[PDB]
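The structure tokens that follow cover one protein chain in two forms, given apart as structure 1 and structure 2.
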Structure 1
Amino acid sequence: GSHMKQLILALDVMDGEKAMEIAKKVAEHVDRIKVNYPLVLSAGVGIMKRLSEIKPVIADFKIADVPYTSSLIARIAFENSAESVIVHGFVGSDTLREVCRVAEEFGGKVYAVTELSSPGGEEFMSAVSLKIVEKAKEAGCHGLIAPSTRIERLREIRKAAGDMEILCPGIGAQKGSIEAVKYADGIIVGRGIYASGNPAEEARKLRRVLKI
């Protein structure tokens, strides 16, 4: 798009003090911080509250259960200051709707995964990815996760999604295409930022390369 785009740090380290260090030093160059289970299991879910004072936090919990337990997971995420949560579309509309319902209580957002950026995502997810877009839209999801590693599919997802927010992982370690910026609203980068000698410099340079 023509509009301002985000750089989102996937803070996949396994020490909370290290996470805080990295977030603080790259803060000038990143718009939101995505936290996944390796960090939350290592540091405690409370790490999201601490990180949220630096940038808004996406709870990347890949919620993928029946509605009852999915509801509880979403609630815990929002109780711990997450601005948004990530849910798998493949587990069905009932879970999508319930996670969206919990989110609304908190003014939070829900992102539905279409297909993973890894090769494994092609085995089952790719076949239903566009249908997931449809279901996520109908369920009231606020956005989508879609892969930079399959640019032709990312374009197709954008066409099906309209102006729905799309966040794209895969650039850097997974060798995704920087052309993803044409279709994405936010670019997610983990290793390309934190697994470096100078994370702040890498984040700075990524913005330049992506032209965002």
Structure 2
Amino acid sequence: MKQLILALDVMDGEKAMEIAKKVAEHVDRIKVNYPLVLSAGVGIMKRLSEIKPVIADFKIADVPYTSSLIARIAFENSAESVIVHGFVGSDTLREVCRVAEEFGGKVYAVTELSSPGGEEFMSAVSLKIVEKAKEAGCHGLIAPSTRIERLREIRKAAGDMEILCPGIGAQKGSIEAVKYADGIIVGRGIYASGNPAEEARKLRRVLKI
């Protein structure tokens, strides 16, 4: 039951909807971020939620109260889950994860970003984040597919928590990560294609999910 999740990082809401409809046979969930949400309005999440379950990747990273409100707004706009940064601490994790459950939704905690800068501070506390997120009652984790040894460590520490991994798609990091991941997140490889439906179909076969 592994997933292909589309990071629908286009900034035009109508284009976003067009792409979402095109890939419905091959993609399991859609993840949105702030450039789309700020450009199209938070209501774009309600529209997209009528096509696929929507993960609000808002990288929530504030004190508990503000973080709570952001999560609540996401769920009021039909998100099925939100993404929070574990680095900001257990109080925010507990609060956001409880709010999500009050809406019947899920939270994924970021262990470390897939960018080089993620190595500077996040890598060193990634495994501690896993335990804080587990203890805070959170459902899942976001972890890189790029750092395979680290992904293995995270899976070991996570036990059965759901893990989603950003991956370029049609690249070895993504293929290897499949064993440890519950879902692979792909962005521009699909949404910037001349034929997003065909690209999504190809990637499922390449990832063997």
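Whichever C-alpha set is largest while still superposing within 1.5 Å between the two forms counts as the rigid core. Only residues modelled in both forms are compared. Here, residue number means position along structure 1's sequence, counting from 1.
- Shift analysis on the rigid core between structures 1 and 2 singles out 171 from 171, 51, 39, 144 (C-alpha displacement of 2 Å or more).
- Taking the core as the fixed frame between structures 1 and 2, we note the C-alpha of residue 94 moving 0.3 angstrom.
- After superposition on the rigid core, the sole stretch of at least three consecutive residues with Cα shifts of 2 Å or more between structures 1 and 2 is 170-177.
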